[PDB]
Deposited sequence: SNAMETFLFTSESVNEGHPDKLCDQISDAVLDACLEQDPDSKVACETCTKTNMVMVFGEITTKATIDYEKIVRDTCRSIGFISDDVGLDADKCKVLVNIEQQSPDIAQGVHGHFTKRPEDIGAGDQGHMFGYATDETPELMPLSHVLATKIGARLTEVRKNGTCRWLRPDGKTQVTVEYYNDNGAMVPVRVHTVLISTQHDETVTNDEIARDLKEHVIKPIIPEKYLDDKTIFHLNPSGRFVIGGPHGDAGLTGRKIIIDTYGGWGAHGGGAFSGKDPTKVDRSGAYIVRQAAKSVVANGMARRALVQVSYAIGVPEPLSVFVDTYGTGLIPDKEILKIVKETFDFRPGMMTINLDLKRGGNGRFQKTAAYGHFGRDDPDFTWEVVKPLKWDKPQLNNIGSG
């Protein structure tokens, strides 16, 4: 049986770049709660003992940007210089430019660009397994830190999973997990042997189906040694520096645009969310085992400049026919996408939830782009 190795990674919610994504989206959520039509382009940067928020917001809302920053940092676990950032003591520089302020079908794209959606039948959430496992291991690290299962953990860390795959006529069939890597922040209370045991038994084994683990699977557990201080300390983070972790883990494709800190009318976000929904609908409707969808835009133009569907030779009908069905079923105009995906509703940290552990493959009803649409094809 011929196989190949495909690797995906993840970073934890305390990684300094991911921290920035979460602060950016916390600012967006706070704006939408008061003013659902807010225009938000909120960028965040961090380094030793400092967080800066900047960019442009048009809103009727009154926002305590500093409190949102400190609350986000505190809840992630950055409560002391020892952990790598003190939410209550660090410098917070608020450099946002805030100003005060419509047939949806005529709303032009706010920018050019292109966006890709991907789906695969290899997991029930129609996501690539290398990505799902790296991501779920990260989420589990956060979970066992916060629920007291592994209280020695600290917020920062990274995960990486190599999967051995078989190509079944274009469909990706995982065979086994080849290598698992975790590098996690921790306190001084735990030995290296305790870290290794707890990561294997509390984190890895609950997440990776046992059918994919065997006696040859390679485990690298804090390979480079102890990791006590993390987050922004002696480091730096920025919004929009984890875009492959945010999407498909190297699978599919990416058009370049980041998601966090962007109001949902922005095509980098809404456009990518709708093409996930499209690709996921193609595969869920049994029209293909795998699907890649591209859309692109011009600034000021409502209708996309181009759309592409490719099913990696797995479509039951030719890709030209799937593209027709996708164009008939999905509305790619920006004023329409935000309404169809209910993206301005602005409930319980709706976008902050997206800003760690992936924008796709999550079954939370706020992730409206994960809802499959029926497709007509006989």
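- Coordinate coverage of the deposited sequence breaks at 1 to 3, 105 to 115, 393 to 402, these segments carrying no C-alpha atoms.
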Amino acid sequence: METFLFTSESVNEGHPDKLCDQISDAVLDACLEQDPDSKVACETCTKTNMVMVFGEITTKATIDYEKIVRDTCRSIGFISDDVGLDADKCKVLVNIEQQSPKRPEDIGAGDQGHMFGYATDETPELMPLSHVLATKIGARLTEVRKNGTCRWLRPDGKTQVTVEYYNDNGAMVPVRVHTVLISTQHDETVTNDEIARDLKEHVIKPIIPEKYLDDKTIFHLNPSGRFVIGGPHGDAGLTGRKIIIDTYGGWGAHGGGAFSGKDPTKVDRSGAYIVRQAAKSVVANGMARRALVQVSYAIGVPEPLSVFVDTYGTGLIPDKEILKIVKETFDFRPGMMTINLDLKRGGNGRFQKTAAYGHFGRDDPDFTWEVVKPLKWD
From here on, numbers count along this sequence of modelled residues.
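- Stretches 81 to 89 and 118 to 126 differ in mean C-alpha B factor, with the higher average recorded for 81 to 89.
- Per the PDB record, of the two stretches 237 to 245 and 177 to 185, 177 to 185 carries the greater mean B-factor over its C-alpha atoms.
- The PDB entry assigns its highest CA temperature factor, among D215, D156, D111, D263, to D215.
- Within the group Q277, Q294, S75, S270, the record's highest C-alpha temperature factor is found at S75.
- Annotation for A196: C-alpha temperature factor in the highest third relative to the rest of the modelled chain, per the entry.
- Sort the modelled residues of the chain by CA B factor and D364 lands in the highest third.
- Remark: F227 belongs to the highest third of its chain, ranked by C-alpha B-factor as recorded.
- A258: CA B factor in the lowest third of modelled residues in this chain (values from the PDB entry).
- For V40, the recorded CA temperature factor ranks within the middle third of the chain's modelled residues.
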